[PDB]
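J.:
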Amino acid sequence: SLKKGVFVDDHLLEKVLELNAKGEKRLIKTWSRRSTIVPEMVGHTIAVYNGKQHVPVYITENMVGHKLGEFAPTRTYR
Amino acid sequence: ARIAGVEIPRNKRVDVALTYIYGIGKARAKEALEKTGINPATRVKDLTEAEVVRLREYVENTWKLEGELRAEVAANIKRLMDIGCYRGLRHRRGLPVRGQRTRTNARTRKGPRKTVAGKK
Amino acid sequence: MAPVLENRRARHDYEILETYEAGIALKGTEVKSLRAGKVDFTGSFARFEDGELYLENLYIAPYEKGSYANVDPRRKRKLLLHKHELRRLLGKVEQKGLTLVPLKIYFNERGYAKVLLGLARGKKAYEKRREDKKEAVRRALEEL
Amino acid sequence: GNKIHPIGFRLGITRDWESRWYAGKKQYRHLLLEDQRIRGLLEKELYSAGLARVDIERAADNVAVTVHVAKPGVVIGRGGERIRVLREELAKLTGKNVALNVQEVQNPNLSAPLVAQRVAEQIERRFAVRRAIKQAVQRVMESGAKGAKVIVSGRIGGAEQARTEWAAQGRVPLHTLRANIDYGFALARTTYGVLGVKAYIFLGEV
Amino acid sequence: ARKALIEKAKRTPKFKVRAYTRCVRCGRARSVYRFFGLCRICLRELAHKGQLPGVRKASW
Amino acid sequence: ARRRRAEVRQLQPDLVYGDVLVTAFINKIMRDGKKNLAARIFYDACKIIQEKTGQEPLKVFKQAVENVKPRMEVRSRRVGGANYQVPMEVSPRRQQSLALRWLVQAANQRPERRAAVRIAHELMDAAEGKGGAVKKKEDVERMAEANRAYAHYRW
Amino acid sequence: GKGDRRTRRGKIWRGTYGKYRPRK
RNA sequence: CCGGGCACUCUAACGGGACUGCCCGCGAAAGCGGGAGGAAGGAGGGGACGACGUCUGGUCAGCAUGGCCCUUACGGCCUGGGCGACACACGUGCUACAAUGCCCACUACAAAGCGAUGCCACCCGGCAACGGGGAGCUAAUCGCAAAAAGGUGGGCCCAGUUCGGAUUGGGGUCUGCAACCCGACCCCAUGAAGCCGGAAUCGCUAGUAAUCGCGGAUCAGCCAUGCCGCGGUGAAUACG
RNA sequence: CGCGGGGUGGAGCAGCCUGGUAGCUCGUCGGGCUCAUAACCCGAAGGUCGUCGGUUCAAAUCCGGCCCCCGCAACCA
RNA sequence: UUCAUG
Ligand SMILES: [Mg+2]
Ligand SMILES: [Mg+2]
Ligand SMILES: [Mg+2]
Ligand SMILES: [Mg+2]
Ligand SMILES: [Mg+2]
Ligand SMILES: [Mg+2]
Ligand SMILES: [Mg+2]
Ligand SMILES: [Mg+2]
Ligand SMILES: [Mg+2]
Ligand SMILES: [Mg+2]
Ligand SMILES: [Mg+2]
Ligand SMILES: [Mg+2]
Ligand SMILES: [Mg+2]
Ligand SMILES: [Mg+2]
Ligand SMILES: [Mg+2]
Ligand SMILES: [Mg+2]
Ligand SMILES: [Mg+2]
Ligand SMILES: [Mg+2]
Ligand SMILES: [Mg+2]
Ligand SMILES: [Mg+2]
Ligand SMILES: [Mg+2]
Ligand SMILES: [Mg+2]
Ligand SMILES: [Mg+2]
Ligand SMILES: [Mg+2]
Ligand SMILES: [Mg+2]
Ligand SMILES: [Mg+2]
Ligand SMILES: [Mg+2]
Ligand SMILES: [Mg+2]
Ligand SMILES: [Mg+2]
Ligand SMILES: [Mg+2]
Ligand SMILES: [Mg+2]
Ligand SMILES: [Mg+2]
Ligand SMILES: [Mg+2]
Ligand SMILES: [Mg+2]
Ligand SMILES: [Mg+2]
Ligand SMILES: [Mg+2]
Ligand SMILES: [Mg+2]
Ligand SMILES: [Zn+2]
């Protein structure tokens, strides 16, 4: 789906581009799970929000063309 | 005559006989028989061996199949079970993934109903 | 060692919406009597006092090996829940008009006693009797 | 789960629509909003005059808001000024030419929307309930009608059990389409609850 | 929560997907009609009173 | 029905034969409102009849219906203790229905695989006397007439 | 049958159009 | 499609027509059995219609409402999640388990509908969903729209199969700020369970059952196989 | 204190044959029936076969021997 | 004609 957009957020995109300034810190607390893993902007562990708390997914190159909400699983009993 | 892997059909029409090769279904078997150029309704008990290899040169060289495909499907599954994407988890415990309800259904991703349940 | 007990009148009185396997912190000796069956819940539920649940007004016999080490028998014992469950029920008391009654005191594989709490609504089965003749006719004489 | 509404059972025949106008999908919701809001103004604030129905029409920007009142002495005014202020009120919620035609009833007891309101005023005035019912049916028959039935629903007489009392004199043929049984309904909002007065008035048949 | 929501149906300065229509007389958010704008209950009690022109008990 | 006599739906006469047995056979063949396929099946069946046997397209079928037509059929009646299975003789206005329904069931269970040749090989063997439908007739006329012991309940 | 998404009747049951059920 | 034009089918008003009306048999009368004519029969077939009241039936979560309770929160706003979770059980349906069946092509045959920020004809592009132009429609006038089942003649050949289409991977298009929880479709792989079903049980007495599609509602999309309607083909039986 | 006899599904029991092939009733779980529980009907499932060591290719089966349970004796003085 | 109870 979704071939006419980069579908990244006006605050997650700004934060990862500002935190890619020559290498920076690691904390980025997002609430918007809908945004994708910013392609070629991987590396910084993002604290996604399944509702109960912020799970700190360390994003890797095997997870680049996915969304951030896959890594905040919203239920128990896997 | 075997085609790909070892998957040999006999005594059947060729344009569904190709379907027994994994990775070829009904649509690819419709397409890449007249695409090479074969009457797609010749029973493979009588298939000319020159036409068998003129078919096989399109079967193996074009798209990936049983083994090199099957293994990439399984590697996609193992890649999905990575740290915990939501589709690689629930492959990790076999539940369904693309929006299936599981309250009552999902007997083809679960089992054999383990009927250990029930109140008093 | 005791089997499942019974809150007889509460099982046959209050509508059990849902249950919890709660816990009881026994304050030192009231154990073997509850392990032998001495418990009567009549006139008791589990009441909060602004932070936590106490199983109120439960009579258990002081055990007769403690010749003078007895306990005040009908007291408020410190019940056990989880914390989000505890503040959940603390909210739900004022949200829905509940009463929190036990159902049984049953033991687990740790050899511990757990008081199976359950919610109430009342289950209003009490028949408000239809009016007899000698009041309906004087209401009608008022209506004259 | 019974007895469908004897206005809407008749409604196609023997009985007019109380609001009759027209437009398609574009302005039907938008007309109905102001047609409900005009009535929410009137029925809340003209009840002292005892309005029965609000026949609302519009041919093209001529909102005939012709109401049916028993006593227009507090819906017109002495020489007419409450009618004037009420028309400038009806201009405030719809800008159109809101011609408000008050029209009196030919007998204020053959109109079920006012008999039921009168019973509701008796209940909210704390009168005796079945005395009010058997009086209202008798006042309807002395006004002269073929048959009446005033169902007054529960919490009756300040009780706790809620029975429904009713009384009839004459015939009330509900299932007959040609009957022209007028129907009125009015809440009563006293202390012990909501007393729902209904009243059926069997006028001339056919 | 319905006096909030019968005005939340009015106000939209945010996205235009959240313009769910709410009922006019009552405040029901289900079965509200893209015609009249009443819900099915307000539609039934207005069609039976006769405050909707043209509407009628159907039998075909 | 319980009150009245419940008179039977008058059928149509058929087109090519002008007969009333054949239309009830069309109806008993007819699966899920598909009469234009069912009577198609029957006319292919009489074509296979005219191919195989030098007979009429209708005569082998009518004689098959007659030679599958039951007379004594067993009906259950609970008469206290053990529900007896009482024999009774059948009105021909029910014999026709039982006969045609047995023909369709035995023809559909008959081990040929195509539509009208199943009915062809069934009507041939039923007009002969060695078919599954006449086997079922003899089955029910051996249930009754050997279950004759409780026939004194005529009901 | 009809739950299939790649035939004629399987597409007319789902209602939509495709390679298997085209637009004229 | 018009040039001539409305004959008709139709449309939707207004009317008529069917009432034991006729005649016979039975019958105290009501009425019943039959016949004739009629298009129709003995409530012509269906709707709407549901009495006094019961179940202290259901709904304070459609609304209105007495009472009690919350009033820097049990109110209010938002972001995100959930309402979709799953060891199993149940109810209602859908497709199936095939050759009367399935697949491709081609040609027919409906009513009911619904649409100015909508329906989108007809092109171009893309296998396709759809995308870019844009005709017509303020709609018996243009559109959705294809009707499907049927029929035609080509395939399959009793095979878990060209039955089945669940599942899973991949490529995508639309809506929407947003499809990961959780949308719909498209395409290509995948091809499982399932070979007519236990004990039990349900539905149906005529255009009914069965089978087949179509429309609408709500609606951005949609969960739709549901619901509400529409027609196509169209039975068996009711001894009692 | 010494003989001999058992140990098998939640319980009560068949058993298991030189060892390889394990069940019966009730109970259980799910369904069906019923307004609902009974009863009845339908689908399965459940056991380290007293622990332990022994020869055996392999033990529940055969050989010991140890712990609980049963039946016996414990007499002459 | 079987068949126990709320
Ligand atoms: Mg899901
Ligand atoms: Mg006990
Ligand atoms: Mg009492
Ligand atoms: Mg009482
Ligand atoms: Mg007394
Ligand atoms: Mg007061
Ligand atoms: Mg919406
Ligand atoms: Mg017997
Ligand atoms: Mg017959
Ligand atoms: Mg298929
Ligand atoms: Mg065409
Ligand atoms: Mg009729
Ligand atoms: Mg109740
Ligand atoms: Mg209230
Ligand atoms: Mg509530
Ligand atoms: Mg309200
Ligand atoms: Mg709030
Ligand atoms: Mg839900
Ligand atoms: Mg089903
Ligand atoms: Mg098919
Ligand atoms: Mg529409
Ligand atoms: Mg375009
Ligand atoms: Mg139109
Ligand atoms: Mg039309
Ligand atoms: Mg797929
Ligand atoms: Mg079946
Ligand atoms: Mg049975
Ligand atoms: Mg539709
Ligand atoms: Mg739904
Ligand atoms: Mg066993
Ligand atoms: Mg034992
Ligand atoms: Mg059981
Ligand atoms: Mg001695
Ligand atoms: Mg018996
Ligand atoms: Mg008995
Ligand atoms: Mg008893
Ligand atoms: Mg009693
Ligand atoms: Zn409403």
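Chains as they are written, first to last, in PDB author numbering: chain x, 4 to 81; chain r, 2 to 121; chain 5, 1 to 144; chain h, 2 to 207; chain s, 2 to 61; chain l, 2 to 156; chain z, 2 to 25. All residues carry an ideal CB built from backbone N, CA and C; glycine is no exception.
1. Using only the alpha-carbon positions, how far apart do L47 (chain s) and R41 (chain s) sit?
2. With a cut-off of 8 Å on the beta carbons, I'd call residue 163 (chain l) and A128 (chain l) a contact; round off their distance for me.
3. Using the beta-carbon of each residue, which ones in chain r are nearer than 8 Å to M66 (chain x)?
4. Check whether the stretch 47-65 of chain 5 and the stretch 74-91 of chain 5 are in contact - that is, three or more C-beta pairs closer than 8 Å.
5. Could you check whether the Cβ of residue 159 (chain r) sits closer than 8 Å to any Cβ belonging to chain x?
6. Taking Cβ-Cβ distances shorter than 9 Å, what residues in chain x pair up with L34 (chain r)?
7. Tell me the residue span of the alpha helix (DSSP H) that contains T54 (chain l).
8. Please name the residue, chosen from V45 (chain x), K55 (chain x), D12 (chain x), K28 (chain x), that lies closest to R37 (chain x) on a Cα-to-Cα basis.
9. Just list the alpha helix (DSSP H) runs in the stretch 61-130 of chain 5, keeping only unbroken ones of 4 residues or longer that don't cross its boundaries, in chain order.
10. For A46 (chain l) versus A121 (chain l), is the C-beta distance shorter than 8 Å?
11. Quick check: the stretch 45-60 of chain r against the stretch 5-14 of chain r, are at least 3 beta-carbon pairs closer than 8 Å?
12. Using CA atoms only, rank isn't needed, just tell me which of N106 (chain r), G26 (chain r), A2 (chain r) is closest to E50 (chain r).
13. Are there three or more Cβ pairs, one per stretch, closer than 8 Å when the stretch 186-201 of chain h is compared with the stretch 117-124 of chain h?
14. Would you please state the rounded distance, in angstroms, between the beta carbons of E166 (chain h) and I134 (chain h)? I believe it to be under 8 Å.
15. For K26 (chain h), which residues in chain s fall below 7 Å Cβ to Cβ?
16. Closest to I62 (chain x) by CA distance: which of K55 (chain x), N53 (chain x), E73 (chain x), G54 (chain x) is it?
17. Specify the secondary structure class of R22 (chain z) as computed by DSSP and reduced to three states.
18. Does the Cβ of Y126 (chain 5) lie closer than 7 Å to at least one heavy atom of ligand 3?
19. Would you check if the distance between the CB atom of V55 (chain h) and the CB atom of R40 (chain h) is smaller than 8 Å?
20. Less than 8 Å between CB atoms is the rule here; does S144 (chain h) satisfy it with respect to chain s?
21. Look at the alpha carbon of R24 (chain z) and the alpha carbon of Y18 (chain z), and state the distance between them as a whole number of angstroms.
22. Compute the minimum distance between the beta carbon of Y34 (chain s) and the heavy atoms of ligand 7, and state whether it is under 7 Å.
23. Please return the same chain residues whose Cβ sits closer than 7 Å to the Cβ of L17 (chain 5), not counting the five positions on each side in sequence.
24. Listed in chain order, which residues are found with a beta carbon closer than 6 Å to a heavy atom of ligand 38?
25. Pull up the DSSP beta-bridge partners for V106 (chain h), would you.
26. Output the distance between the C-alpha atoms of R93 (chain r) and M82 (chain r), rounded to the nearest integer angstrom.
27. Just to confirm, does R190 (chain h) get its C-beta within under 7 Å of one of the non-hydrogen atoms of ligand 16?
28. Tell me whether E58 (chain h) sits in a helix, a strand or coil according to DSSP, three-state version.
29. Where does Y54 (chain 5) fall in DSSP's three states?
30. Helix, strand or coil for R172 (chain h)? Go by DSSP, reduced to three states.
31. I want to verify the contact list: residues of chain h whose CB lies under 7 Å from the CB of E143 (chain 5), in sequence order.
32. Of the residues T79 (chain x), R78 (chain x), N65 (chain x), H47 (chain x), which one's Cα is nearest the Cα of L20 (chain x)?
33. Please state the DSSP three-state secondary structure of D40 (chain 5).
34. Could you tell me whether the Cβ atoms of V130 (chain h) and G158 (chain h) are closer together than 8 Å?
35. What is the rounded straight-line gap between the Cα of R114 (chain l) and the Cα of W14 (chain z)?
T.: Let me spell this out:
1. 10 Å
2. Residue 163 (chain l) is absent from the model: chain l starts at 2 and stops at 156.
3. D83, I84, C86
4. yes
5. One cannot answer for residue 159 (chain r) here, as it falls past the ends of chain r, which runs 2 to 121.
6. Within 9 Å Cβ-Cβ: nothing; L34 (chain r) doesn't reach chain x, min ~32 Å.
7. Premise fails: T54 (chain l) is in no alpha helix (DSSP H) and is neither H nor E.
8. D12 (chain x)
9. 83-95
10. yes
11. yes
12. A2 (chain r)
13. yes
14. 6 Å
15. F36
16. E73 (chain x)
17. coil
18. yes
19. yes
20. no
21. 7 Å
22. no
23. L119, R121
24. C24 (chain s), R26 (chain s), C27 (chain s), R29 (chain s), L39 (chain s), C40 (chain s), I42 (chain s), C43 (chain s)
25. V106 (chain h) pairs with nothing; no bridge assigned.
26. 6 Å
27. no
28. strand
29. strand
30. coil
31. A129, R131, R132
32. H47 (chain x)
33. strand
34. yes
35. 29 Å
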